[PDB]
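Colleague: Let me begin by handing over the structure; questions about it come next.
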Amino acid sequence: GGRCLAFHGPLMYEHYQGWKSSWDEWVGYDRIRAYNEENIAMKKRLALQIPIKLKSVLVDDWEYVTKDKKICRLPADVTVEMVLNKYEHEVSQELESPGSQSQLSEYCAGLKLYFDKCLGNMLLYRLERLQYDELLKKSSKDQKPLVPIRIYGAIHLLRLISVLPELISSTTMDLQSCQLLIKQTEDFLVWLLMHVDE
Amino acid sequence: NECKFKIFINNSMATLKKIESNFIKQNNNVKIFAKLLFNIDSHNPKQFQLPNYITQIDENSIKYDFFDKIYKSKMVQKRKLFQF
Amino acid sequence: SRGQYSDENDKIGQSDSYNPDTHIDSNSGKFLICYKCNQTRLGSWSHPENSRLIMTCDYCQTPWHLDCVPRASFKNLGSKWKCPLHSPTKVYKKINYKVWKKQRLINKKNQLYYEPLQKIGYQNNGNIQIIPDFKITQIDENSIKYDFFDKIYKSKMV
């Protein structure tokens with residue numbers, strides 16, 4: 001099946017095509033395609049915004065990060081693991097339509113790989129920046145990777161998910177992806193409307 | 001990171017060829033946002049501001065994930081027939 | 001010849017009697033097993049009545065008996081013999097209705113655009129290809145079964 005499937009450089013394989021029969025070989029070694037070795041080295045080198053429902057908390061936290069920064073303990077007791085696993089047990093079976101929990105679970109896994117990587121670009125204050133450098137320096141004494149799950153609170157969740165939509169628009173994709181994105185942030189605000197203690 | 005990005009890709013290599021066209025085969029649980037992860041070094045960091053308006057093991061992974069999803073679907077079906 | 005529409009749906013003792021050459025393919029010499037009944041049913045020269053006429057598909061070369069699908073004899077003149085296994089050109093759903101006359105494919109050139117972004121709730125309305133403007137997306141088996149299970153779970157109670 002198909003039109004291009006060969007372990008070596010492709011020659012419209014559906015054996016070395018375009019050559020005589022006395023060149024075949026069926027040895028078993030490593031196989032790499034590499035797009036015909038970059039086409040024989042280029043022919044031998046040429047010969048949108050969130051709804052206004054709970055808008056007060058972000059305005060309150062905008063002034064709060066000027067001198068208090070909403071956190072004073074480096075080993076903060078409030079983490080994201082249990083409050084994250086909560087949605088797979090309460091609102092995935094109640095609020096969303098009955099069916100598959102992909103739209104919540106896969107997005108949560110994406111939020112893991114976004115939270116483990118997003119540090120360094122964007123959601124940072126100056127004092128937060130020196131705190132991040134001091135955390136990196138004190139975490140480099142045992143050459144271990146820096147896990148931002150156990151040393152960061154969950155109160156920044158709404159600000160990263162509200163600065164997310166204007167950086168979706170930086171690249172080009174379809175519009176129903178943005179529809180589903182704003183729908184899941186709307187569901188997040190729907191949940192966090194009641195639970196204000198977290 | 002901007003200097004690294006250009007010196008790595010933007011200078012003379014793979015200008016027309018898409019780099020992020022083959023990262024799907026090794027990355028899992030990445031479906032909603034995929035294009036924005038590639039150009040994370042193309043923009044310089046800036047201070048905080050606010051506007052005045054405001055595949056072998058991956059197949060096994062998704063198979064066990066879908067098995068867990070099916071079991072959870074059975075469990076919420078049981079819950080809905082209990083509550084109905 | 002005269003300037004009519006001719007897509008890939010249109011095709012370009014023998015006449016009765018025994019035809020074992022129709023049961024034998026020249027590509028490999030193996031036996032053409034039908035989809036519905038897992039037999040070729042060549043029969044014997046002593047019992048010609050046990051033999052059943054078979055035909056191959058013009059697209060996927062799928063063997064088929066003349067008794068399983070409703071069909072009397074072969075298709076030699078007219079459009080290509082389309083076995084009822086591929087995507088139909090005309091569909092009908094009463095809601096007035098949607099016909100959805102496919103897209104009849106386009107060239108390999110820059111008019112063909114690929115954009116694999118989302119697998120669940122993509123709203124691609126068909127027109128997809130399977131991998132291991134006319135906006136088409138890369139579609140695998142996991143996406144297909146996932147959207148099916150979401151759809152028939154959300155559509156059971158209706």
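Residues are named by chain letter and number: chains run A, B, ... in the order of the structure tokens, numbers start at 1 in each chain, and ligands are numbered from 1 in the order shown.
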With a distance cut-off of 9 Å and only C-alpha atoms, select the neighbouring residues of segment 127-133 of chain A, excluding the residue or stretch itself and same-chain residues fewer than 3 positions from it, and output the selection as a ChimeraX atom specification.
Modeller: /A:67,69,74,119-120,124,136-138
Colleague: Write out as JSON lines a residue-level contact list of chain A versus chain B with cut-off 7 Å: for each qualifying residue the closest pair of atoms and the distance in Å to one decimal, counting only C-alpha atoms, rows sorted by chain and residue number upward.
Modeller:
```
{"residue": "A:93", "atom": "CA", "partner": "B:76", "partner_atom": "CA", "distance": 6.2}
{"residue": "A:99", "atom": "CA", "partner": "B:73", "partner_atom": "CA", "distance": 6.1}
{"residue": "A:100", "atom": "CA", "partner": "B:69", "partner_atom": "CA", "distance": 6.4}
{"residue": "A:101", "atom": "CA", "partner": "B:69", "partner_atom": "CA", "distance": 6.8}
{"residue": "A:106", "atom": "CA", "partner": "B:29", "partner_atom": "CA", "distance": 5.7}
{"residue": "A:109", "atom": "CA", "partner": "B:29", "partner_atom": "CA", "distance": 6.1}
{"residue": "A:110", "atom": "CA", "partner": "B:30", "partner_atom": "CA", "distance": 5.8}
{"residue": "A:121", "atom": "CA", "partner": "B:45", "partner_atom": "CA", "distance": 5.1}
{"residue": "A:122", "atom": "CA", "partner": "B:45", "partner_atom": "CA", "distance": 5.9}
{"residue": "A:123", "atom": "CA", "partner": "B:48", "partner_atom": "CA", "distance": 6.6}
{"residue": "A:124", "atom": "CA", "partner": "B:48", "partner_atom": "CA", "distance": 6.1}
{"residue": "A:125", "atom": "CA", "partner": "B:48", "partner_atom": "CA", "distance": 6.0}
{"residue": "A:171", "atom": "CA", "partner": "B:36", "partner_atom": "CA", "distance": 6.8}
```
Colleague: Against chain C, which residues of chain A fall within 8 Å? For each one I want the closest pair of atoms and the distance in Å (one decimal), counting only C-alpha atoms, rows by chain and increasing residue number, as CSV.
Modeller:
```
residue,atom,partner,partner_atom,distance
A:97,CA,C:154,CA,7.3
A:98,CA,C:154,CA,6.3
A:99,CA,C:150,CA,5.3
A:100,CA,C:150,CA,5.9
A:173,CA,C:117,CA,7.5
A:176,CA,C:122,CA,7.3
A:177,CA,C:118,CA,7.4
```
Colleague: Could the residues in this selection be saved with N, CA and C atoms as a PDB file, in the first residue's frame?
Modeller:
```
ATOM      1  N   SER A  97     -21.136  16.961  28.891  1.00  0.00           N
ATOM      2  CA  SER A  97     -22.070  16.014  28.303  1.00  0.00           C
ATOM      3  C   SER A  97     -21.578  14.586  28.532  1.00  0.00           C
ATOM      4  N   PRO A  98     -22.485  13.637  28.778  1.00  0.00           N
ATOM      5  CA  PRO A  98     -22.064  12.244  28.972  1.00  0.00           C
ATOM      6  C   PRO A  98     -21.377  11.693  27.731  1.00  0.00           C
ATOM      7  N   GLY A  99     -20.295  10.955  27.957  1.00  0.00           N
ATOM      8  CA  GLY A  99     -19.468  10.479  26.870  1.00  0.00           C
ATOM      9  C   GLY A  99     -18.029  10.247  27.280  1.00  0.00           C
ATOM     10  N   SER A 100     -17.096  10.821  26.530  1.00  0.00           N
ATOM     11  CA  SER A 100     -15.674  10.643  26.774  1.00  0.00           C
ATOM     12  C   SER A 100     -15.091  11.872  27.460  1.00  0.00           C
ATOM     13  N   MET A 173      -4.455  28.616  12.959  1.00  0.00           N
ATOM     14  CA  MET A 173      -5.159  27.341  12.956  1.00  0.00           C
ATOM     15  C   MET A 173      -6.615  27.621  12.594  1.00  0.00           C
ATOM     16  N   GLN A 176     -12.741  26.635  15.071  1.00  0.00           N
ATOM     17  CA  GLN A 176     -13.425  25.782  16.037  1.00  0.00           C
ATOM     18  C   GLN A 176     -12.496  25.327  17.155  1.00  0.00           C
ATOM     19  N   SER A 177     -11.183  25.295  16.906  1.00  0.00           N
ATOM     20  CA  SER A 177     -10.231  25.076  17.989  1.00  0.00           C
ATOM     21  C   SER A 177     -10.288  26.209  19.006  1.00  0.00           C
TER      22      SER A 177
END
```
Colleague: Using DSSP on the backbone, list every residue of segment 28-154 of chain C that comes out as strand (DSSP E or B), and give them as a list in words.
Modeller: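 Checking each residue of segment 28-154 of chain C, the strand (DSSP E or B) ones are residues 31, 54, 55, 64, 65, 79, 93, 94, 97, 98, 113, 114, 129, 130, 135, 136, 138 and 139 of chain C.
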Colleague: Could you turn the residues from that selection into a file that holds N, CA, C and O atoms, as an mmCIF file, in the first residue's frame?
Modeller:
```cif
data_model
loop_
_atom_site.group_PDB
_atom_site.id
_atom_site.type_symbol
_atom_site.label_atom_id
_atom_site.label_comp_id
_atom_site.auth_asym_id
_atom_site.auth_seq_id
_atom_site.Cartn_x
_atom_site.Cartn_y
_atom_site.Cartn_z
ATOM 1 N N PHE C 31 -5.660 -17.422 -4.734
ATOM 2 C CA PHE C 31 -7.087 -17.654 -4.895
ATOM 3 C C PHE C 31 -7.871 -16.439 -4.418
ATOM 4 O O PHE C 31 -7.611 -15.904 -3.336
ATOM 5 N N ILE C 54 -17.358 -15.111 -10.232
ATOM 6 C CA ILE C 54 -16.775 -14.106 -9.355
ATOM 7 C C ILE C 54 -16.252 -12.961 -10.213
ATOM 8 O O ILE C 54 -16.014 -13.108 -11.414
ATOM 9 N N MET C 55 -16.091 -11.803 -9.579
ATOM 10 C CA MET C 55 -15.514 -10.638 -10.231
ATOM 11 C C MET C 55 -14.610 -9.912 -9.248
ATOM 12 O O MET C 55 -14.800 -9.989 -8.031
ATOM 13 N N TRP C 64 -15.479 -10.771 -5.191
ATOM 14 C CA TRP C 64 -16.872 -10.822 -4.774
ATOM 15 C C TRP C 64 -17.611 -11.873 -5.588
ATOM 16 O O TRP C 64 -17.391 -12.002 -6.796
ATOM 17 N N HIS C 65 -18.485 -12.617 -4.918
ATOM 18 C CA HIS C 65 -19.361 -13.556 -5.597
ATOM 19 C C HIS C 65 -20.548 -12.827 -6.221
ATOM 20 O O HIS C 65 -20.863 -11.685 -5.877
ATOM 21 N N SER C 79 -20.083 2.431 -16.605
ATOM 22 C CA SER C 79 -19.203 2.888 -15.543
ATOM 23 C C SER C 79 -18.476 1.706 -14.909
ATOM 24 O O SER C 79 -18.881 0.548 -15.049
ATOM 25 N N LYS C 93 -29.695 12.244 3.634
ATOM 26 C CA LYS C 93 -30.139 12.299 5.024
ATOM 27 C C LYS C 93 -31.322 13.253 5.106
ATOM 28 O O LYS C 93 -31.212 14.420 4.715
ATOM 29 N N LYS C 94 -32.452 12.759 5.605
ATOM 30 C CA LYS C 94 -33.661 13.567 5.688
ATOM 31 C C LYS C 94 -33.712 14.303 7.021
ATOM 32 O O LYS C 94 -33.634 13.683 8.087
ATOM 33 N N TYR C 97 -32.635 18.330 2.728
ATOM 34 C CA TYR C 97 -31.715 17.202 2.800
ATOM 35 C C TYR C 97 -30.331 17.672 2.380
ATOM 36 O O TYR C 97 -30.172 18.730 1.768
ATOM 37 N N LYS C 98 -29.329 16.863 2.720
ATOM 38 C CA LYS C 98 -27.949 17.097 2.319
ATOM 39 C C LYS C 98 -27.508 15.965 1.405
ATOM 40 O O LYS C 98 -27.665 14.788 1.749
ATOM 41 N N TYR C 113 -3.935 21.045 0.558
ATOM 42 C CA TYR C 113 -3.421 21.575 1.813
ATOM 43 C C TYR C 113 -3.728 20.600 2.941
ATOM 44 O O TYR C 113 -4.853 20.099 3.045
ATOM 45 N N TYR C 114 -2.732 20.340 3.783
ATOM 46 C CA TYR C 114 -2.877 19.462 4.936
ATOM 47 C C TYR C 114 -2.683 20.266 6.214
ATOM 48 O O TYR C 114 -1.808 21.134 6.284
ATOM 49 N N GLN C 129 -8.300 11.235 4.613
ATOM 50 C CA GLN C 129 -7.444 10.122 4.233
ATOM 51 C C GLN C 129 -6.823 9.532 5.491
ATOM 52 O O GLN C 129 -6.729 10.190 6.531
ATOM 53 N N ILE C 130 -6.410 8.273 5.390
ATOM 54 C CA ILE C 130 -5.944 7.499 6.534
ATOM 55 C C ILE C 130 -4.433 7.353 6.439
ATOM 56 O O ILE C 130 -3.903 6.971 5.388
ATOM 57 N N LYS C 135 -10.220 22.144 2.973
ATOM 58 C CA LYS C 135 -9.351 21.907 4.117
ATOM 59 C C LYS C 135 -9.511 20.461 4.568
ATOM 60 O O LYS C 135 -10.567 20.082 5.086
ATOM 61 N N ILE C 136 -8.462 19.661 4.391
ATOM 62 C CA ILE C 136 -8.470 18.271 4.828
ATOM 63 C C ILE C 136 -7.414 18.099 5.907
ATOM 64 O O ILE C 136 -6.427 18.840 5.967
ATOM 65 N N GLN C 138 -5.216 15.200 8.653
ATOM 66 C CA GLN C 138 -4.681 13.853 8.796
ATOM 67 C C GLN C 138 -5.482 13.109 9.856
ATOM 68 O O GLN C 138 -5.610 13.580 10.992
ATOM 69 N N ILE C 139 -6.022 11.952 9.485
ATOM 70 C CA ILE C 139 -6.969 11.215 10.309
ATOM 71 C C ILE C 139 -6.439 9.802 10.512
ATOM 72 O O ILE C 139 -6.066 9.128 9.544
#
```
Colleague: Considering only C-alpha atoms, return as a PDB file with C-alpha atoms, in the first residue's frame whatever protein or nucleic-acid residues lie within 9 Å of residue 162 of chain A, sequence-local ones (same chain, fewer than 5 positions apart) excluded.
Modeller:
```pdb
ATOM      1  CA  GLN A  49     -11.640  37.540  25.716  1.00  0.00           C
ATOM      2  CA  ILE A  50     -13.013  35.839  28.831  1.00  0.00           C
ATOM      3  CA  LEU A 157      -4.059  29.199  36.879  1.00  0.00           C
ATOM      4  CA  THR A 185     -11.855  28.244  29.899  1.00  0.00           C
TER       5      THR A 185
END
```
Colleague: Between atom CA of residue 1 of chain B and atom CA of residue 114 of chain A, what is the distance in Å, rounded to a tenth?
Modeller: 17.7 Å
Colleague: Of the residues C:156, C:30, C:119, C:75, which is the one nearest to chain B, using only C-alpha atoms?
Modeller: C:119
Colleague: Compile the contact shell of residue 112 of chain C as a list in words: residues with an atom at most 9 Å away, counting only C-alpha atoms, same-chain residues fewer than 3 positions apart removed.
Modeller: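 Skipping anything fewer than 3 positions along the chain leaves residues 106, 107, 108, 109, 134, 135 and 136 of chain C.
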Colleague: Using C-alpha atoms, can you export the residues from the last selection as an mmCIF file, in the first residue's frame?
Modeller:
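part_30.cif written:
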```cif
data_model
loop_
_atom_site.group_PDB
_atom_site.id
_atom_site.type_symbol
_atom_site.label_atom_id
_atom_site.label_comp_id
_atom_site.auth_asym_id
_atom_site.auth_seq_id
_atom_site.Cartn_x
_atom_site.Cartn_y
_atom_site.Cartn_z
ATOM 1 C CA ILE C 106 -7.672 17.332 -6.547
ATOM 2 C CA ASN C 107 -4.050 17.468 -7.659
ATOM 3 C CA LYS C 108 -0.926 16.746 -5.609
ATOM 4 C CA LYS C 109 0.169 20.378 -6.131
ATOM 5 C CA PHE C 134 -10.875 22.110 0.644
ATOM 6 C CA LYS C 135 -9.351 21.907 4.117
ATOM 7 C CA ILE C 136 -8.470 18.271 4.828
#
```
Colleague: List the neighbours of residue 91 of chain A out to 12 Å using only C-alpha atoms; skip same-chain residues closer than 2 positions along the sequence, and give me the result as a PDB file with N, CA and C atoms, in the first residue's frame.
Modeller:
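Wrote result.pdb, looks like this:
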```pdb
ATOM      1  N   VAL A  83      -6.178  19.427  43.281  1.00  0.00           N
ATOM      2  CA  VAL A  83      -7.229  20.251  42.691  1.00  0.00           C
ATOM      3  C   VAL A  83      -7.336  19.974  41.194  1.00  0.00           C
ATOM      4  N   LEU A  84      -6.239  19.539  40.568  1.00  0.00           N
ATOM      5  CA  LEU A  84      -6.288  19.092  39.183  1.00  0.00           C
ATOM      6  C   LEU A  84      -6.958  17.733  39.041  1.00  0.00           C
ATOM      7  N   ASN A  85      -6.664  16.788  39.933  1.00  0.00           N
ATOM      8  CA  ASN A  85      -7.296  15.478  39.825  1.00  0.00           C
ATOM      9  C   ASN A  85      -8.761  15.524  40.244  1.00  0.00           C
ATOM     10  N   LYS A  86      -9.186  16.622  40.877  1.00  0.00           N
ATOM     11  CA  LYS A  86     -10.574  16.763  41.306  1.00  0.00           C
ATOM     12  C   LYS A  86     -11.528  16.788  40.108  1.00  0.00           C
ATOM     13  N   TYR A  87     -11.183  17.517  39.027  1.00  0.00           N
ATOM     14  CA  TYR A  87     -12.124  17.644  37.907  1.00  0.00           C
ATOM     15  C   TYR A  87     -12.423  16.310  37.236  1.00  0.00           C
ATOM     16  N   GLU A  88     -11.482  15.367  37.262  1.00  0.00           N
ATOM     17  CA  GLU A  88     -11.774  14.046  36.720  1.00  0.00           C
ATOM     18  C   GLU A  88     -12.711  13.238  37.612  1.00  0.00           C
ATOM     19  N   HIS A  89     -13.013  13.717  38.822  1.00  0.00           N
ATOM     20  CA  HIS A  89     -13.907  13.010  39.727  1.00  0.00           C
ATOM     21  C   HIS A  89     -15.214  13.734  40.020  1.00  0.00           C
ATOM     22  N   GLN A  93     -17.912  14.029  35.260  1.00  0.00           N
ATOM     23  CA  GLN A  93     -19.062  13.136  35.255  1.00  0.00           C
ATOM     24  C   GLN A  93     -20.381  13.868  35.475  1.00  0.00           C
ATOM     25  N   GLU A  94     -20.345  15.165  35.784  1.00  0.00           N
ATOM     26  CA  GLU A  94     -21.549  15.922  36.105  1.00  0.00           C
ATOM     27  C   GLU A  94     -21.823  17.050  35.117  1.00  0.00           C
ATOM     28  N   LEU A  95     -20.850  17.932  34.881  1.00  0.00           N
ATOM     29  CA  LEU A  95     -21.107  19.145  34.114  1.00  0.00           C
ATOM     30  C   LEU A  95     -21.040  18.934  32.609  1.00  0.00           C
ATOM     31  N   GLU A  96     -20.023  18.232  32.115  1.00  0.00           N
ATOM     32  CA  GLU A  96     -19.905  18.013  30.684  1.00  0.00           C
ATOM     33  C   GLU A  96     -20.951  17.008  30.208  1.00  0.00           C
ATOM     34  N   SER A  97     -21.136  16.961  28.891  1.00  0.00           N
ATOM     35  CA  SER A  97     -22.070  16.014  28.303  1.00  0.00           C
ATOM     36  C   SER A  97     -21.578  14.586  28.532  1.00  0.00           C
ATOM     37  N   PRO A  98     -22.485  13.637  28.778  1.00  0.00           N
ATOM     38  CA  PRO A  98     -22.064  12.244  28.972  1.00  0.00           C
ATOM     39  C   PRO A  98     -21.377  11.693  27.731  1.00  0.00           C
ATOM     40  N   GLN A 101     -14.137  11.638  28.366  1.00  0.00           N
ATOM     41  CA  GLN A 101     -13.481  12.699  29.122  1.00  0.00           C
ATOM     42  C   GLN A 101     -12.195  13.184  28.463  1.00  0.00           C
ATOM     43  N   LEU A 104     -11.252  17.049  28.702  1.00  0.00           N
ATOM     44  CA  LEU A 104     -10.711  17.468  29.987  1.00  0.00           C
ATOM     45  C   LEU A 104      -9.347  16.848  30.272  1.00  0.00           C
ATOM     46  N   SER A 105      -9.212  15.531  30.081  1.00  0.00           N
ATOM     47  CA  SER A 105      -7.991  14.832  30.479  1.00  0.00           C
ATOM     48  C   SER A 105      -6.810  15.189  29.582  1.00  0.00           C
ATOM     49  N   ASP A 187     -15.779  26.864  31.035  1.00  0.00           N
ATOM     50  CA  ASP A 187     -16.099  25.821  32.008  1.00  0.00           C
ATOM     51  C   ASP A 187     -15.247  25.961  33.266  1.00  0.00           C
ATOM     52  N   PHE A 188     -13.975  26.337  33.099  1.00  0.00           N
ATOM     53  CA  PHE A 188     -13.108  26.555  34.255  1.00  0.00           C
ATOM     54  C   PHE A 188     -13.604  27.708  35.121  1.00  0.00           C
ATOM     55  N   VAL A 190     -16.703  28.689  35.217  1.00  0.00           N
ATOM     56  CA  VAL A 190     -17.964  28.205  35.777  1.00  0.00           C
ATOM     57  C   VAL A 190     -17.708  27.405  37.050  1.00  0.00           C
ATOM     58  N   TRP A 191     -16.671  26.562  37.045  1.00  0.00           N
ATOM     59  CA  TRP A 191     -16.323  25.846  38.270  1.00  0.00           C
ATOM     60  C   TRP A 191     -15.784  26.781  39.349  1.00  0.00           C
ATOM     61  N   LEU A 192     -14.870  27.685  38.995  1.00  0.00           N
ATOM     62  CA  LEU A 192     -14.216  28.506  40.011  1.00  0.00           C
ATOM     63  C   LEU A 192     -15.074  29.677  40.480  1.00  0.00           C
TER      64      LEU A 192
ATOM     65  N   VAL B  76     -19.940   6.156  34.425  1.00  0.00           N
ATOM     66  CA  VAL B  76     -20.870   7.291  34.437  1.00  0.00           C
ATOM     67  C   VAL B  76     -22.219   6.857  33.865  1.00  0.00           C
TER      68      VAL B  76
END
```
Colleague: Would you pick out the contacts of residue 15 of chain A at 9 Å or less, using only C-alpha atoms, so that residues sharing its chain but fewer than 5 positions from it are not included, and give the list as a list in words?
Modeller: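 Counting only C-alpha atoms, the residues come to residues 21, 23, 24, 25 and 26 of chain A.
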Colleague: Put those residues in a file: N, CA, C and O atoms, as a short mmCIF file (atom, residue, chain, number, x, y, z; two decimals), in the first residue's frame.
Modeller:
```cif
data_model
loop_
_atom_site.label_atom_id
_atom_site.label_comp_id
_atom_site.auth_asym_id
_atom_site.auth_seq_id
_atom_site.Cartn_x
_atom_site.Cartn_y
_atom_site.Cartn_z
N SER A 21 19.28 -5.58 -12.35
CA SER A 21 18.90 -6.61 -11.38
C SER A 21 20.08 -7.09 -10.55
O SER A 21 19.86 -7.69 -9.49
N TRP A 23 22.04 -5.69 -8.45
CA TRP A 23 22.39 -4.73 -7.40
C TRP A 23 21.56 -4.92 -6.14
O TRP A 23 21.70 -4.13 -5.20
N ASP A 24 20.71 -5.94 -6.09
CA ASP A 24 19.80 -6.13 -4.96
C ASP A 24 20.55 -6.66 -3.74
O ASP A 24 21.55 -7.37 -3.86
N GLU A 25 20.04 -6.30 -2.56
CA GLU A 25 20.61 -6.75 -1.30
C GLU A 25 19.53 -6.69 -0.23
O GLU A 25 18.77 -5.72 -0.17
N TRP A 26 19.48 -7.72 0.60
CA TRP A 26 18.47 -7.84 1.65
C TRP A 26 19.14 -8.08 3.00
O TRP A 26 18.75 -8.96 3.78
#
```
Colleague: Quick one, how far is atom CA of residue 103 of chain C from atom CA of residue 127 of chain C?
Modeller: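 Taking atom CA of residue 103 of chain C as the start and atom CA of residue 127 of chain C as the end point, the length is 7.2 Å.
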Colleague: Quick one, how far is atom CA of residue 159 of chain A from atom CA of residue 197 of chain A?
Modeller: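 Going from atom CA of residue 159 of chain A over to atom CA of residue 197 of chain A, I get 16.6 Å.
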Colleague: Quick one: residues within 10 Å of residue 56 of chain B, only C-alpha atoms, excluding same-chain residues fewer than 2 positions away - as a PyMOL selection string?
Modeller: chain B and resi 25-26+58-61
Colleague: Include N, CA and C atoms and write out the residues we just selected as a compact mmCIF listing (two decimals), in the first residue's frame.
Modeller:
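Contents of the output file selection_1.txt:
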```txt
# COMPACT_ATOMS: atom_id res chain seq x y z
N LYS B 25 5.01 12.22 16.02
CA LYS B 25 5.37 10.81 16.15
C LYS B 25 6.10 10.49 17.45
N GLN B 26 6.61 11.49 18.17
CA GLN B 26 7.30 11.25 19.44
C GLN B 26 6.66 11.95 20.63
N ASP B 58 3.63 4.99 22.11
CA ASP B 58 2.54 5.97 22.10
C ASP B 58 1.21 5.30 21.79
N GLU B 59 1.22 4.30 20.91
CA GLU B 59 0.01 3.53 20.63
C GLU B 59 -0.45 2.77 21.87
N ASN B 60 0.48 2.19 22.62
CA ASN B 60 0.13 1.52 23.87
C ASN B 60 -0.41 2.51 24.90
N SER B 61 0.19 3.70 24.96
CA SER B 61 -0.26 4.72 25.90
C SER B 61 -1.69 5.15 25.59
```
Colleague: Rank nothing, just name the residue among B:17, B:78, B:63, B:4 nearest to chain C, using only C-alpha atoms.
Modeller: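 The answer is B:63, which sits nearest to chain C.
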Colleague: Hey, which of B:38, B:18, B:55, B:8 ends up closest to chain C? Count only C-alpha atoms.
Modeller: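 Distance minimum relative to chain C lands on B:55.
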Colleague: Apply DSSP to the backbone of this structure and, from chain B, keep only the residues in alpha helix (DSSP H); write these as a ChimeraX atom specification.
Modeller: /B:2-5,35-38,57-83
Colleague: Produce a file of the selected residues containing N, CA and C atoms, as a compact mmCIF listing (two decimals), in the first residue's frame.
Modeller:
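What landed in selection.txt:
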```txt
# COMPACT_ATOMS: atom_id res chain seq x y z
N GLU B 2 16.10 34.13 20.89
CA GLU B 2 15.88 34.60 19.53
C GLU B 2 17.14 34.46 18.68
N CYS B 3 18.31 34.74 19.27
CA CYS B 3 19.56 34.56 18.55
C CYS B 3 19.81 33.10 18.21
N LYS B 4 19.50 32.20 19.15
CA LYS B 4 19.64 30.77 18.88
C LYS B 4 18.69 30.30 17.79
N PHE B 5 17.45 30.77 17.84
CA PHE B 5 16.46 30.32 16.88
C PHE B 5 16.92 30.57 15.45
N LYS B 35 1.13 24.09 17.29
CA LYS B 35 1.96 25.01 16.52
C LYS B 35 2.69 26.01 17.41
N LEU B 36 2.10 26.37 18.55
CA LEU B 36 2.70 27.38 19.42
C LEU B 36 3.87 26.84 20.23
N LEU B 37 4.01 25.51 20.33
CA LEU B 37 5.12 24.94 21.08
C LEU B 37 6.43 25.05 20.31
N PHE B 38 6.37 25.07 18.97
CA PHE B 38 7.59 25.12 18.17
C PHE B 38 8.30 26.46 18.30
N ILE B 57 5.27 2.84 21.63
CA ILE B 57 4.81 3.03 23.00
C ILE B 57 3.72 4.09 23.09
N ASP B 58 3.63 4.99 22.11
CA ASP B 58 2.54 5.97 22.10
C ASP B 58 1.21 5.30 21.79
N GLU B 59 1.22 4.30 20.91
CA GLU B 59 0.01 3.53 20.63
C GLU B 59 -0.45 2.77 21.87
N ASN B 60 0.48 2.19 22.62
CA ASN B 60 0.13 1.52 23.87
C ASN B 60 -0.41 2.51 24.90
N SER B 61 0.19 3.70 24.96
CA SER B 61 -0.26 4.72 25.90
C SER B 61 -1.69 5.15 25.59
N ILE B 62 -1.98 5.45 24.32
CA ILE B 62 -3.34 5.87 23.97
C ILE B 62 -4.31 4.70 24.09
N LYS B 63 -3.84 3.46 23.91
CA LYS B 63 -4.74 2.31 24.06
C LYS B 63 -5.15 2.10 25.52
N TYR B 64 -4.19 2.16 26.45
CA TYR B 64 -4.54 2.06 27.87
C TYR B 64 -5.36 3.26 28.32
N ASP B 65 -5.07 4.45 27.78
CA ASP B 65 -5.85 5.64 28.11
C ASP B 65 -7.29 5.46 27.63
N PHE B 66 -7.48 4.89 26.44
CA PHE B 66 -8.83 4.71 25.91
C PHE B 66 -9.55 3.59 26.66
N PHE B 67 -8.81 2.58 27.14
CA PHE B 67 -9.39 1.56 28.01
C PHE B 67 -9.91 2.18 29.31
N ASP B 68 -9.11 3.05 29.92
CA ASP B 68 -9.56 3.76 31.12
C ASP B 68 -10.76 4.65 30.82
N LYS B 69 -10.76 5.28 29.65
CA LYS B 69 -11.90 6.11 29.24
C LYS B 69 -13.17 5.28 29.07
N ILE B 70 -13.04 4.08 28.51
CA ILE B 70 -14.20 3.20 28.34
C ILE B 70 -14.73 2.74 29.69
N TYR B 71 -13.83 2.38 30.61
CA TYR B 71 -14.27 1.99 31.95
C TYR B 71 -14.97 3.14 32.67
N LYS B 72 -14.42 4.36 32.54
CA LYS B 72 -15.07 5.53 33.13
C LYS B 72 -16.42 5.82 32.47
N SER B 73 -16.53 5.60 31.16
CA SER B 73 -17.81 5.79 30.47
C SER B 73 -18.86 4.81 30.98
N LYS B 74 -18.45 3.56 31.21
CA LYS B 74 -19.34 2.58 31.84
C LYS B 74 -19.75 3.03 33.24
N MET B 75 -18.81 3.60 34.00
CA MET B 75 -19.11 4.03 35.36
C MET B 75 -20.09 5.21 35.36
N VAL B 76 -19.94 6.16 34.42
CA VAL B 76 -20.87 7.29 34.44
C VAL B 76 -22.22 6.86 33.87
N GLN B 77 -22.24 5.85 32.98
CA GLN B 77 -23.51 5.28 32.55
C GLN B 77 -24.25 4.63 33.72
N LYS B 78 -23.52 3.91 34.58
CA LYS B 78 -24.11 3.35 35.79
C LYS B 78 -24.61 4.46 36.72
N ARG B 79 -23.83 5.53 36.84
CA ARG B 79 -24.25 6.66 37.68
C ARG B 79 -25.51 7.32 37.14
N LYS B 80 -25.61 7.47 35.82
CA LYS B 80 -26.77 8.15 35.24
C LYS B 80 -28.01 7.27 35.29
N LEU B 81 -27.86 5.94 35.19
CA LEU B 81 -29.02 5.08 35.37
C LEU B 81 -29.42 4.98 36.84
N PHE B 82 -28.47 5.16 37.76
CA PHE B 82 -28.83 5.23 39.17
C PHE B 82 -29.57 6.52 39.49
N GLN B 83 -29.11 7.65 38.95
CA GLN B 83 -29.72 8.94 39.25
C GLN B 83 -30.97 9.22 38.42
```
Colleague: Rank nothing, just name the residue among C:145, C:158, C:89, C:6 nearest to chain B, using only C-alpha atoms.
Modeller: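 Using only C-alpha atoms, the shortest distance to chain B belongs to C:145.
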